[PDB]
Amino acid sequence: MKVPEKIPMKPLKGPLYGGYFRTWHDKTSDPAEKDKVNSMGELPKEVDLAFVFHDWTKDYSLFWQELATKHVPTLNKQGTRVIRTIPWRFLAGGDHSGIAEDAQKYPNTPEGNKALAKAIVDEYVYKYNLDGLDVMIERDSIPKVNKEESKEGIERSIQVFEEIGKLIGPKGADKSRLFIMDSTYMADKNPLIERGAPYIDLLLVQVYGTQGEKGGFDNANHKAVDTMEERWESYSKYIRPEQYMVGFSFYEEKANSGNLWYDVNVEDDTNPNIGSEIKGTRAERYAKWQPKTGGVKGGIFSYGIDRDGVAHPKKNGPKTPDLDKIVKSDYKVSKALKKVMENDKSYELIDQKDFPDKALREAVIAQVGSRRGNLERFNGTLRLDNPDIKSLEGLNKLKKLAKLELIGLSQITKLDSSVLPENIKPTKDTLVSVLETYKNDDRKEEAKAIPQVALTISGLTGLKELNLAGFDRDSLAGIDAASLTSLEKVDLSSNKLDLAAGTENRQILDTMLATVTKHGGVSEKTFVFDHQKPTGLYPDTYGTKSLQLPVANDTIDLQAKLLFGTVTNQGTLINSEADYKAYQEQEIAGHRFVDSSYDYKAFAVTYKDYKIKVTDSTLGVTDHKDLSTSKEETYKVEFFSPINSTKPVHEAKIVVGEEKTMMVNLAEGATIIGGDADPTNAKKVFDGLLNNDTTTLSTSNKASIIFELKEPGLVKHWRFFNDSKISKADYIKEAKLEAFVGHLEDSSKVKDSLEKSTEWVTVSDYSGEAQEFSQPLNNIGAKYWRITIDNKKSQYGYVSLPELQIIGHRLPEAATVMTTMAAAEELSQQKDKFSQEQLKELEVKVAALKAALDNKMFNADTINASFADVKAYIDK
């Protein structure tokens, strides 16, 4: 075969139309199938990308010679690129993986994967001198080994994809060949987009059918999911909008359910041409659809373009087997869809009517895009730093700009709303979607707010008038006032500026005031900044983090003492209405700036649905604002916004009386050793959730858990909870807590049979009916514990235990420090073992360890030193 060499082609410019041509429907595929009558060479010039979608066509078929020698030159001559489509798994190996099936020639190694990528491009692109490669990423094409999805092949395919992108596409050695990805997945479910996106020219999304258009439906929340907008936004993270193309499907002959998309017109007996009409079809909606932000899309594509013109069979209606007949297409749908996009307002070119100043016009086209549709949508930064710009006329056409930077524009004299973006002030989105929505959603959300453009002004040395009045600007940041040396008239009134003393805003205003006054002729019309309504925000930090209070019979409001206040975005704190009026009466050059109608409750934030969490030193937890001080206790207090209930906005330590150390739950995350309780729910006893009704029931009616403290310490308290308010009179009514006495029976390899067989010590026997029980404990230092609970119900009582807490202080080998001390008075209440005056030099050291251990401020290093030096006085 002699393959002709590449034909000069005019560059691709959107809007683009693409088509997947099924090879088995080309005349030359199987000469025996006389019904196969179409030809890929017959595709019209309106088709920019003809995709070779291969199946059923034999390796030896004369189609491949026809493609390379006739079709490609014919299509290239008219500007149509011919793209080879291959499935995802061709990049992975394993089942049905094309070239990659030869795992010995192309091993899964760094050099083997480099070789596979070169082989893939040589075989599927260069062999017939095609114009690019399209990798199809869907479940249909996922890497598989023995009919099983292969995570290993998926990982390999990521590597091979990058290697291909170094050969072709925008980052490749041969930039004259397109590297294209199509996918059914949302971007977060596309395993290859994050690494593959820099290497591709175009991204195609298959969104066939009403569910591609509207998204799926969330049955519970009754909302659309994976909408066209949400799909684009997921990929906007990775590609530009002009790289984005969306796909519909023609009606494939003899299609099953699950392959019926209704993307083109349903047949009608009384109009045999209705399949070639496009108005109102999903296909035309896709042609007209545009993202709401970012920019205009790259175009659209069709699957099965050889079926162009065939009407779709009716959903509910008697069969029409005539639609399954194979007829030669005239590609009328494809021609009309291309013309719909080419004639759309969105793809109108930005010209002199929009920006008369060519220097400005060239800056917008370079940065925003050449199409008028981008003015409506562009979402990033427009930097204007060419000093040749003599006019900003046309900037009002930018509707969604995130940042406008005006730098060094010497010859601009005035700035107001006529030469500024339309979103300098609050605006709502005005673009209307052309897509059908869910009838079962009633979705007409009113016109999302457009975030306002951030404005930077630096070096406009000829700027004489700066009018930003009535735009609800949040700050003046970005205004390099010292550089605006020709200002004569400034209006910043009717915004949201905190212009208080010490703010950054005030300094920019004061710098401009100096400039304007030095010019002279200052009147009441010349420098106006009043009617400000600055937004009141929640303070980031609060002033009170520690409070020592005396023991007294009184209740305090913790929220009133610790959490209040409102700040502006410049840091001006207001406590109360009294403080606010002082702020409201501030003056700049003898003139108040805060709007007089903007009262305190309009400005102040509220702490209505803020929650409080108060934990004492024994880890008892309440959510009460009011705290008694009659009892001597040390508390941790945390406040939670309703917006985040896991994560406090403010924390404070309140000491009542002498300070006590905050204890810890040493049984938190304890490992289950033994007992008869259900192992899954037994673990949930120590996870940390006091309302852990993930079914915390341990057995039928009487349960036991043997557990090991993950890192033992000094135990002084314990607590357990019955199912919080979910049940009553099913409560645990009897409980016994036991500690193991450091006597592992010479079988440390087993440690379960040993504990279920030794003699323990009972640290507490609970009998009662409280929802929650807590109790002090006598400095136990055991690593191994057993809890036994009983709700006194029938043998099918299904006793439950949401949490158990073993509470104390972290101190490794606390077992030793109580073994030694226990013997310290098994030796000092009996005289004359070593007894001399040494006995009272013992007793001063035993009285100092019981004092060190039983101290409210637990200091581990103090006890060690007291423990270590009592240890020294035994051998002597």
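Residues carry their position along the shown sequence, with the first being 1.
Visitor: Comparing 473-481 with 749-757, where is the mean C-alpha B-factor higher?
Guide: Looking at the recorded C-alpha B-factors, 749-757 comes out higher on average.
Visitor: So, looking at the entry's B-factor column for Cα atoms, which has the higher mean, 360-368 or 297-305?
Guide: Higher of the two, by average CA B-factor, is 360-368.
Visitor: Name the one of 49, 851, 52, 67 with the greatest CA B-factor according to the PDB entry.
Guide: 851 has the highest C-alpha B-factor of those listed.
Visitor: Whose CA atom has the top B-factor in the entry, of 789, 522, 187, 340?
Guide: Of the options given, 522 has the highest CA B-factor in the PDB entry.
Visitor: Comparing against every modelled residue in the chain, figure out the third that the C-alpha B-factor of residue 26 lands in (lowest, middle or highest).
Guide: Bottom third by C-alpha B-factor.
Visitor: When the deposited Cα B-factors of this chain's modelled residues are ordered and cut into thirds, is residue 833 in the lowest, the middle or the highest one?
Guide: Ranked within chain, residue 833 CA B lands in the highest tercile.
Visitor: Check where residue 409 lands among this chain's C-alpha B-factors and tell me if it's the lowest, middle or highest third.
Guide: Middle third by C-alpha B-factor.
Visitor: Thinking about Cα B factors across the chain, which third does residue 840 belong to?
Guide: Within its chain, residue 840 is a highest-third residue by C-alpha B-factor, going by the deposited values.
Visitor: Looking at the entry's B-factor column for C-alpha atoms only, identify whether residue 535 ranks in the lowest, middle or highest third of its chain.
Guide: For residue 535, the deposited C-alpha B-factor lands in the middle third.
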